[PDB]
Amino acid sequence: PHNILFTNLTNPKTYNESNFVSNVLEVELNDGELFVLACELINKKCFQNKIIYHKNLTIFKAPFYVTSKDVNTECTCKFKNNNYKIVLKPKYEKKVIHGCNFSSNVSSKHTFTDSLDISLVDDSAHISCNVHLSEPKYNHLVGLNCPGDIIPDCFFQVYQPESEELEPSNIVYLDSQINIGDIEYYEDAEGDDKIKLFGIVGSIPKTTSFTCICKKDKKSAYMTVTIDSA
Amino acid sequence: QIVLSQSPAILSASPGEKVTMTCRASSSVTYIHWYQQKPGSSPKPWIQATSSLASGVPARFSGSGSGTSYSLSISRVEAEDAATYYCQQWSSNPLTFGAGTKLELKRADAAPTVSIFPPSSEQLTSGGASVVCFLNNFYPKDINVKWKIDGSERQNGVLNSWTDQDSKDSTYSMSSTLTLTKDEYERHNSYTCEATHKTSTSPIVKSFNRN
Amino acid sequence: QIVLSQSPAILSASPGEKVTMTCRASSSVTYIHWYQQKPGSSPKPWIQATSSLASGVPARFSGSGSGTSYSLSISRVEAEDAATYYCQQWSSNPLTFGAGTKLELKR
Amino acid sequence: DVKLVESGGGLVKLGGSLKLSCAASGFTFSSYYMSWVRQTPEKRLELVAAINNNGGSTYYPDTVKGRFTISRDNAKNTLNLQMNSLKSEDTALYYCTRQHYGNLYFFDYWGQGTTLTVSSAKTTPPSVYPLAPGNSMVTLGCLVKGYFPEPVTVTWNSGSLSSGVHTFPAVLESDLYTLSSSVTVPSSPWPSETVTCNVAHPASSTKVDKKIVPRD
Amino acid sequence: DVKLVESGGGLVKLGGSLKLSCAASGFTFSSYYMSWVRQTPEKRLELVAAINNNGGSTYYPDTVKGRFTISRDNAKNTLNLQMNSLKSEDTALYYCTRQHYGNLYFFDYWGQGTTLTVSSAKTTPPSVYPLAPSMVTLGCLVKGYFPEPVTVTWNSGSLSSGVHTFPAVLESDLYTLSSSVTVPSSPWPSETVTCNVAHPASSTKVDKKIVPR
Ligand SMILES: *[C@@H]1O[C@H](CO)[C@@H](O)[C@H](O)[C@H]1NC(C)=O
Ligand SMILES: *[C@@H]1O[C@H](CO)[C@@H](O)[C@H](O)[C@H]1NC(C)=O
């Protein structure tokens with residue numbers, strides 16, 4: 001027990017009704033942290049993500065990416081005829097996204113390492129945007145901002161890399177492709193622009209690559225990712 | 001080799017209906033491409049990567065499926081959708097297509113505009129004599145044709161050709177031609193073209209007499 | 001009562017254009033019905049329950065909205081779509097209609 | 001924009017050999033996978049051969065492996081397919097179509113096709129016969145009979161007469177094709193204006209124009 | 001097929017009273033909410049009155065509450081609306097339309113409507129005046145009639161192409177309209193062209209042959 005915030009309000013760092021300020025509990029959940037609360041929830045539902053509601057107890061996992069420092073999931077407890085509020089939000093770090101922004105709007109909430117305005121490319125074309133990652137350990141966000149259709153469902157499904165010989169490339173599940181476990185996924189939408197990404201923490205068994213396709217009207221593009229280790 | 005089975009072979013539907021065809025693969029495949037082909041033209045890219053729509057393909061079209069079962073769906077069928085649809089795979093060599101699903105669209109029950117033609121005097125001089133009989137813009141597709149030379153049938157020498165469904169008016173058209181030797185043609189007087197169609201209990205006949 | 005404002009008053013468009021009209025309600029409303037009226041005939045049910053399409057309404061039509069902002073969209077305008085379109089609410093008495101957006105063509 | 005033009009098709013006798021070429025225009029030819037795909041008389045699409053963007057690696061399904069040979073000249077924007085030891089089963093319409101790794105190998109552009117006929121029957125020219133009788137509208141016809149082989153093109157008034165025209169598919173009589181094309185115009189131009197069917201048979205290098213006159 | 005047939009509309013003088021009836025056919029009348037909805041000259045739609053499936057409870061917006069009275073005879077498949085103390089503002093085309101709780105109170109069926117006119121103006125016959133001076137354009141002025149309608153036809157209906165019959169307008173209290181027909185220079189005045197104006201309210205038929213000035 002080293003990454004648990006326990007708040008005891010019923011009958012491993014244990015907080016109680018003393019850490020509250022005016023019956024409020026602002027909780028900064030580190031990316032590698034867990035929060036287990038023990039109380040009787042007012043409406044038995046909460047968190048205006050991955051949460052587990054079990055009897056008079058609740059557990060919440062910190063999301064890898066946070067868009068606005070104000071976004072937060074709020075629980076209200078009722079112990080001994082008293083109301084206590086717990087605000088939970090992850091530590092605000094403006095992580096960059098290692099991918100290609102194909103969209104043209106510049107007032108986005110997300111920052112991409114590479115970018116390629118698909119609106120400018122020729123019709124009936126297929127231009128590539130490559131993104132590479134080369135670290136021993138990873139703690140990065142890889143995604144894209146496509147103003148139109150995205151192929152396949154990225155990044156839960158991905159497109160195999162190109163074959164030198166005349167062999168077909170298929171759609172695979174990212175978990176199998178990069179061969180790691182707790183891959184976190186995240187989606188977003190700014191008007192018509194779709195923002196699909198995935199997180200990656202830890203090392204990697206074998207240097208592998210994949211592709212995700214973005215089409216808009218008669219124009220098309222594709223982002224090729226490559227991550228390495230060992 | 002992966003066998004792609006397309007069912008149904010003929011998909012009959014009335015405008016507005018929510019229809020869906022099925023592409024069943026022998027083994028598992030990771031994606032299915034869809035192409036639309038209308039007579040007189042090559043296949044046209046329709047649905048990309050199982051679900052993505054080609055440019056200009058109307059939103060009513062939709063694709064879905066995985067493994068050995070994929071599909072194409074039209075929410076509100078329009079008259080312009082009548083065509084043959086092919087599904088294509090390439091999860092392993094070789095790339096294989098499907099047999100196709102031809103889209104039949106229901107229409108107003110139309111009687112065929114029949115028209116018979118005696119053999120041209122030019123062909124007669126050459127020693128031949130072919131009688132042509134057109135049956136155009138009818139619905140349903142089910143129809144039958146027989147030739148009654150002076151009352152008696154003459155199935156020997158009869159060639160028949162049918163067009164697929166017209167994408168504009170959803171009707172069908174058929175041509176029949178009984179060929180005969182100049183001598184045999186002269187030995188008879190009455191040349192009839194009988195047609196049996198849902199539009200009538202009695203057959204729509206069209207005969208010409210050599211006076 | 002609830003005032004239903006339809007904009008634009010006249011929506012002129014060329015065949016194929018993606019067009020959208022807007023039904024802005026004075027207060028919040030939970031649903032908006034859509035009816036199409038062509039001259040010489042009474043209104044016809046067009047879009048049911050904000051987004052559901054009435055029987056025979058082509059797939060190009062689409063309804064979308066909530067609260068005080070609803071809309072009707074045509075993906076590829078066809079010549080037969082030229083008509084006046086009315087939005088209807090009944091989240092509270094009385095049931096009120098809209099002024100009506102008239103779809104005009106261009107040549 | 002993008003454009004692919006097959007050429008070189010025709011009638012080849014049993015066991016013969018023939019080279020088909022495809023002209024490409026309007027795109028970066030060197031960046032697209034090219035492929036030859038045929039269509040059988042039973043209306044079935046089959047992949048004949050494929051090639052990669054740089055022309056290095058190629059694939060042929062076992063059905064034609066070793067017999068056919070694809071090739072590409074990126075400097076000339078051309079795709080060629082040398083077919084040898086052709087069998088009757090190879091009779092098909094051959095399309096020239098493209099693919100790209102960046103579009104999940106999607107055939108976004110096909111051609112109009114070039115027609116291959118693998119048979120020992122002799123090339124025979126067509127015999128155009130006019131179809132006219134002797135009252136709001138009138139339906140005229142044009143009988144094409146006894147030719148070999150398809151391709152064949154039937155048009156009316158040099159293409160201007162397009163509406164109300166049904167060109168029925170061809171059928172084998174004994175070992176020659178036969179088809180017909182209908183045209184329906186009002187009764188007003190039947191005695192006044194002229195209507196002509198333009199039948200062309202490239203295999204026999206023959207062009208026929210038959211003006212439809214009333215039966216006299 | 002479902003069918004709703006309004007009836008009983010006409011001209012009522014200021015403050016008068018009139019009952020409109022609606023015939024229903026082709027469905028279980030007793031299971032649907034019925035409602036009268038009217039369309040103003042401004043082409044706006046307004047709910048006049050509504051009734052429940054069993055005829056028990058009813059609603060009337062404050063604009064007409066107390067004046068009008070909706071009613072239904074489920075045995076006869078009829079819907080009636082007794083309108084009293086009619087004002088000029090009530091001049092509208094009244095539709096008979098239905099709803100169902102099971103379709104989110106959607107107006108899925110409407111009749112063709114019956115036209116109500118609330119005015120004190122006296123019935124006045126029309127005065128047809130000919131309009132006479134390439135495709136020559138001739139006209140037919142219909143002036144000083146009441147009330148609407150008026151049927152303007154050209155050559156007993158045979159002349160249909162190139163005919164614009166403009167809507168009628170209130171001058172002081174009487175209507176006035178015109179119809180424009182455009183024929184080539186060849187058929188006129190060589191062949192005759194006549195506008196046939198009929199006013200059923202005044203029991204009047206006029207046929208004015210258009211001659212050159
Ligand atoms: C947790 O709450 C219960 C309330 O009955 C109390 O008895 C217990 O000592 C608390 N434990 C901690 C570690 O705060
Ligand atoms: C992004 O820019 C486009 C410009 O066309 C605009 O329509 C859209 O509303 C913008 N998105 C946001 C979230 O402001």
# chains A, B, ... in the order shown; residues from 1 in each chain; ligands from 1
>>> interface_residues(of="chain B", to="chain C", cutoff="12 Å", atoms="only C-alpha atoms", output="compact mmCIF listing (two decimals) with N, CA, C and O atoms, in the first residue's frame")
# COMPACT_ATOMS: atom_id res chain seq x y z
N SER B 14 -38.76 -2.12 -51.72
CA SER B 14 -39.50 -0.94 -52.13
C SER B 14 -38.83 0.32 -51.59
O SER B 14 -38.15 0.27 -50.56
N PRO B 15 -38.99 1.45 -52.28
CA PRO B 15 -38.29 2.67 -51.87
C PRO B 15 -38.62 3.06 -50.44
O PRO B 15 -39.78 3.03 -50.02
N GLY B 16 -37.58 3.43 -49.68
CA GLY B 16 -37.69 3.77 -48.28
C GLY B 16 -37.33 2.64 -47.33
O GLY B 16 -36.99 2.92 -46.17
N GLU B 17 -37.38 1.39 -47.80
CA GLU B 17 -37.10 0.25 -46.93
C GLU B 17 -35.66 0.28 -46.41
O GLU B 17 -34.75 0.79 -47.06
N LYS B 18 -35.48 -0.30 -45.22
CA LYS B 18 -34.17 -0.46 -44.59
C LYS B 18 -33.65 -1.84 -44.95
O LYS B 18 -34.09 -2.85 -44.39
N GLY B 56 -18.78 11.27 -51.91
CA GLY B 56 -20.01 11.37 -52.65
C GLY B 56 -21.03 10.29 -52.38
O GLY B 56 -22.18 10.43 -52.80
N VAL B 57 -20.64 9.21 -51.70
CA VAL B 57 -21.61 8.15 -51.38
C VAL B 57 -22.61 8.70 -50.36
O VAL B 57 -22.20 9.25 -49.33
N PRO B 58 -23.91 8.59 -50.62
CA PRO B 58 -24.89 9.23 -49.73
C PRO B 58 -24.86 8.63 -48.34
O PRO B 58 -24.53 7.46 -48.14
N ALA B 59 -25.22 9.46 -47.35
CA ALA B 59 -25.15 9.06 -45.96
C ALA B 59 -26.05 7.87 -45.64
O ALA B 59 -25.80 7.17 -44.65
N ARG B 60 -27.10 7.64 -46.43
CA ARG B 60 -27.99 6.51 -46.16
C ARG B 60 -27.24 5.19 -46.18
O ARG B 60 -27.66 4.22 -45.53
N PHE B 61 -26.13 5.12 -46.91
CA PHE B 61 -25.34 3.90 -46.96
C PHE B 61 -24.55 3.73 -45.68
O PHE B 61 -24.13 4.70 -45.04
N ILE B 74 -28.75 0.16 -46.22
CA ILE B 74 -29.33 1.40 -46.74
C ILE B 74 -30.55 1.73 -45.88
O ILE B 74 -31.48 0.93 -45.78
N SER B 75 -30.53 2.92 -45.27
CA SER B 75 -31.58 3.30 -44.33
C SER B 75 -32.91 3.51 -45.04
O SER B 75 -33.92 2.89 -44.70
N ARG B 76 -32.93 4.39 -46.03
CA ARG B 76 -34.11 4.65 -46.85
C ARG B 76 -33.71 4.46 -48.31
O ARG B 76 -33.09 5.34 -48.92
N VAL B 77 -34.05 3.29 -48.87
CA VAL B 77 -33.66 2.95 -50.23
C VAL B 77 -34.24 3.96 -51.20
O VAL B 77 -35.43 4.29 -51.15
N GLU B 78 -33.39 4.47 -52.10
CA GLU B 78 -33.79 5.38 -53.15
C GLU B 78 -33.66 4.68 -54.50
O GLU B 78 -32.92 3.70 -54.63
N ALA B 79 -34.38 5.19 -55.50
CA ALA B 79 -34.42 4.53 -56.80
C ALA B 79 -33.04 4.40 -57.41
O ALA B 79 -32.74 3.42 -58.11
>>> residues_around(residues="residue D:27", least_positions_apart="4", cutoff="9 Å", atoms="only C-alpha atoms", output="PyMOL selection string")
(chain A and resi 124-125) or (chain D and resi 1-3+31-32)
>>> select_by_dssp(residues="stretch 36-176 of chain B", states="strand (DSSP E)", output="number ranges by chain")
B: 36-37, 44-48, 52-53, 61-74, 84-89, 96-97, 101-105, 113-117, 128-138, 143-149, 152-153, 158-162, 172-176
>>> residues_around(residues="stretch 17-26 of chain E", least_positions_apart="4", cutoff="7 Å", atoms="only C-alpha atoms", output="list in words")
residues 1, 2, 3, 4, 5, 6, 7, 8, 9, 77, 78, 79, 80, 81, 82, 83, 84, 85, 86 and 96 of chain E
>>> write_last_selection(atoms="N, CA, C and O atoms", output="tab-separated table (two decimals), in the first residue's frame")
chain	number	residue	atom	x	y	z
E	1	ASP	N	-57.54	4.03	-45.65
E	1	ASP	CA	-56.63	5.11	-45.29
E	1	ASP	C	-57.31	6.12	-44.36
E	1	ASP	O	-58.50	6.41	-44.50
E	2	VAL	N	-56.53	6.66	-43.41
E	2	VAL	CA	-57.05	7.68	-42.51
E	2	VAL	C	-57.52	8.88	-43.32
E	2	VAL	O	-56.88	9.29	-44.30
E	3	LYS	N	-58.65	9.45	-42.91
E	3	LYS	CA	-59.25	10.58	-43.62
E	3	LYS	C	-59.98	11.49	-42.65
E	3	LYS	O	-60.75	11.02	-41.81
E	4	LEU	N	-59.76	12.80	-42.79
E	4	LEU	CA	-60.42	13.82	-41.99
E	4	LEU	C	-60.98	14.88	-42.92
E	4	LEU	O	-60.23	15.45	-43.73
E	5	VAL	N	-62.28	15.14	-42.83
E	5	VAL	CA	-63.00	16.00	-43.77
E	5	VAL	C	-63.66	17.13	-42.99
E	5	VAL	O	-64.72	16.93	-42.38
E	6	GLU	N	-63.07	18.32	-43.03
E	6	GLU	CA	-63.71	19.48	-42.44
E	6	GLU	C	-64.88	19.93	-43.30
E	6	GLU	O	-64.95	19.64	-44.50
E	7	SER	N	-65.81	20.66	-42.68
E	7	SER	CA	-67.00	21.14	-43.37
E	7	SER	C	-67.67	22.21	-42.52
E	7	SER	O	-67.48	22.27	-41.31
E	8	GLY	N	-68.47	23.04	-43.19
E	8	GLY	CA	-69.28	24.04	-42.53
E	8	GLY	C	-68.74	25.46	-42.58
E	8	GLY	O	-69.38	26.36	-42.03
E	9	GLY	N	-67.59	25.68	-43.21
E	9	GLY	CA	-67.00	27.01	-43.22
E	9	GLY	C	-67.66	27.92	-44.24
E	9	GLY	O	-68.23	27.47	-45.23
E	77	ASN	N	-68.20	9.23	-35.35
E	77	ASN	CA	-66.87	9.58	-35.87
E	77	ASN	C	-66.84	11.02	-36.36
E	77	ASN	O	-66.45	11.31	-37.50
E	78	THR	N	-67.26	11.94	-35.50
E	78	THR	CA	-67.35	13.35	-35.85
E	78	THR	C	-66.71	14.21	-34.77
E	78	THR	O	-66.69	13.85	-33.59
E	79	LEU	N	-66.18	15.35	-35.20
E	79	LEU	CA	-65.60	16.35	-34.31
E	79	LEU	C	-66.21	17.70	-34.66
E	79	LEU	O	-66.14	18.13	-35.82
E	80	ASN	N	-66.80	18.36	-33.68
E	80	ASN	CA	-67.51	19.61	-33.90
E	80	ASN	C	-66.85	20.74	-33.11
E	80	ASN	O	-66.30	20.53	-32.03
E	81	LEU	N	-66.92	21.95	-33.67
E	81	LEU	CA	-66.40	23.15	-33.03
E	81	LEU	C	-67.43	24.26	-33.18
E	81	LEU	O	-67.58	24.83	-34.27
E	82	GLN	N	-68.13	24.57	-32.09
E	82	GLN	CA	-69.08	25.67	-32.08
E	82	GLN	C	-68.34	26.95	-31.71
E	82	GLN	O	-67.91	27.12	-30.57
E	83	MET	N	-68.18	27.83	-32.69
E	83	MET	CA	-67.49	29.11	-32.51
E	83	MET	C	-68.54	30.21	-32.37
E	83	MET	O	-69.39	30.37	-33.25
E	84	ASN	N	-68.47	30.96	-31.27
E	84	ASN	CA	-69.39	32.04	-31.00
E	84	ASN	C	-68.63	33.35	-30.82
E	84	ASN	O	-67.43	33.35	-30.54
E	85	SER	N	-69.35	34.46	-31.00
E	85	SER	CA	-68.80	35.81	-30.86
E	85	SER	C	-67.58	36.01	-31.76
E	85	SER	O	-66.58	36.59	-31.34
E	86	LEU	N	-67.68	35.52	-32.99
E	86	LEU	CA	-66.53	35.54	-33.89
E	86	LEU	C	-66.08	36.97	-34.18
E	86	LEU	O	-66.90	37.86	-34.43
E	96	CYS	N	-58.64	20.13	-39.37
E	96	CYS	CA	-59.01	19.08	-38.43
E	96	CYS	C	-57.88	18.06	-38.41
E	96	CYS	O	-57.66	17.35	-39.39
>>> residues_near_ligand(ligand="ligand 2", cutoff="8 Å", atoms="only C-alpha atoms and all ligand atoms", output="MDAnalysis selection string")
chainID A and resid 104:108 190:192
>>> write_last_selection(atoms="C-alpha atoms", output="PDB file, in the first residue's frame")
ATOM      1  CA  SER A 104      -6.922  23.737 -39.564  1.00  0.00           C
ATOM      2  CA  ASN A 105      -8.583  25.354 -36.530  1.00  0.00           C
ATOM      3  CA  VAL A 106      -5.874  26.805 -34.282  1.00  0.00           C
ATOM      4  CA  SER A 107      -7.990  27.407 -31.147  1.00  0.00           C
ATOM      5  CA  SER A 108      -7.763  23.766 -30.062  1.00  0.00           C
ATOM      6  CA  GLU A 190     -14.005  20.126 -31.251  1.00  0.00           C
ATOM      7  CA  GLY A 191     -16.800  20.979 -33.667  1.00  0.00           C
ATOM      8  CA  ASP A 192     -16.256  18.523 -36.514  1.00  0.00           C
TER       9      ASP A 192
END
>>> residues_near_ligand(ligand="ligand 1", cutoff="12 Å", atoms="only C-alpha atoms and all ligand atoms", output="ChimeraX atom specification")
/A:5-19,37-39,79-80
>>> closest_atom_pairs(of="chain D", to="chain B", cutoff="9 Å", atoms="only C-alpha atoms", output="CSV")
residue,atom,partner,partner_atom,distance
D:43,CA,B:99,CA,7.7
D:44,CA,B:99,CA,6.0
D:45,CA,B:97,CA,6.0
D:46,CA,B:96,CA,6.5
D:47,CA,B:95,CA,6.5
D:59,CA,B:93,CA,8.4
D:60,CA,B:94,CA,8.1
D:61,CA,B:94,CA,6.0
D:62,CA,B:94,CA,8.9
D:95,CA,B:42,CA,7.9
D:103,CA,B:48,CA,8.1
D:104,CA,B:49,CA,6.8
D:105,CA,B:90,CA,8.3
D:106,CA,B:48,CA,6.7
D:107,CA,B:45,CA,6.3
D:108,CA,B:45,CA,5.3
D:109,CA,B:45,CA,7.4
D:110,CA,B:42,CA,6.6
D:111,CA,B:42,CA,6.6
D:112,CA,B:42,CA,5.8
D:113,CA,B:42,CA,7.4
D:127,CA,B:123,CA,8.7
D:128,CA,B:123,CA,9.0
D:129,CA,B:120,CA,6.3
D:130,CA,B:120,CA,6.4
D:131,CA,B:117,CA,6.0
D:132,CA,B:117,CA,6.4
D:133,CA,B:117,CA,6.2
D:139,CA,B:115,CA,7.3
D:140,CA,B:115,CA,8.9
D:141,CA,B:117,CA,8.5
D:143,CA,B:132,CA,8.0
D:166,CA,B:173,CA,7.5
D:167,CA,B:163,CA,8.1
D:168,CA,B:163,CA,6.0
D:169,CA,B:161,CA,6.0
D:170,CA,B:161,CA,7.1
D:171,CA,B:161,CA,7.1
D:172,CA,B:159,CA,8.4
D:173,CA,B:159,CA,7.2
D:178,CA,B:159,CA,8.3
D:179,CA,B:161,CA,7.8
D:180,CA,B:175,CA,7.4
D:181,CA,B:175,CA,8.6
D:182,CA,B:134,CA,7.6
D:215,CA,B:120,CA,8.3
>>> residues_around(residues="stretch 25-37 of chain C", least_positions_apart="3", cutoff="8 Å", atoms="only C-alpha atoms", output="PyMOL selection string")
(chain C and resi 2-5+41-50+66-70+83-91) or (chain E and resi 106)
>>> interface_residues(of="chain E", to="chain C", cutoff="9 Å", atoms="only C-alpha atoms", output="list in words")
residues 42, 43, 44, 45, 46, 47, 59, 60, 61, 95, 103, 104, 105, 106, 107, 108, 109, 110, 111, 112 and 113 of chain E
>>> write_last_selection(atoms="C-alpha atoms", output="PDB file, in the first residue's frame")
ATOM      1  CA  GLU E  42     -49.956  35.511 -42.514  1.00  0.00           C
ATOM      2  CA  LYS E  43     -49.661  31.718 -43.067  1.00  0.00           C
ATOM      3  CA  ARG E  44     -49.086  31.041 -39.371  1.00  0.00           C
ATOM      4  CA  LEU E  45     -50.506  27.965 -37.638  1.00  0.00           C
ATOM      5  CA  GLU E  46     -52.455  28.307 -34.373  1.00  0.00           C
ATOM      6  CA  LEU E  47     -54.052  25.676 -32.142  1.00  0.00           C
ATOM      7  CA  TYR E  59     -58.200  22.827 -23.675  1.00  0.00           C
ATOM      8  CA  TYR E  60     -58.636  26.220 -25.337  1.00  0.00           C
ATOM      9  CA  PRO E  61     -55.909  28.891 -25.452  1.00  0.00           C
ATOM     10  CA  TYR E  95     -57.780  22.249 -40.142  1.00  0.00           C
ATOM     11  CA  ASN E 103     -46.704   9.068 -31.090  1.00  0.00           C
ATOM     12  CA  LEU E 104     -45.514  11.932 -28.850  1.00  0.00           C
ATOM     13  CA  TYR E 105     -48.599  14.002 -29.753  1.00  0.00           C
ATOM     14  CA  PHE E 106     -47.603  14.162 -33.422  1.00  0.00           C
ATOM     15  CA  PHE E 107     -50.033  15.635 -35.968  1.00  0.00           C
ATOM     16  CA  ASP E 108     -49.772  12.752 -38.404  1.00  0.00           C
ATOM     17  CA  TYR E 109     -53.054  13.476 -40.254  1.00  0.00           C
ATOM     18  CA  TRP E 110     -54.675  16.735 -41.368  1.00  0.00           C
ATOM     19  CA  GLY E 111     -57.734  17.506 -43.454  1.00  0.00           C
ATOM     20  CA  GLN E 112     -57.735  19.902 -46.374  1.00  0.00           C
ATOM     21  CA  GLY E 113     -59.354  22.596 -44.209  1.00  0.00           C
TER      22      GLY E 113
END
>>> interface_residues(of="chain D", to="chain A", cutoff="6 Å", atoms="only C-alpha atoms", output="PyMOL selection string")
chain D and resi 57-58+102
>>> atom_distance(atom1="atom CA of residue D:5", atom2="atom CA of residue D:94")
11.0 Å
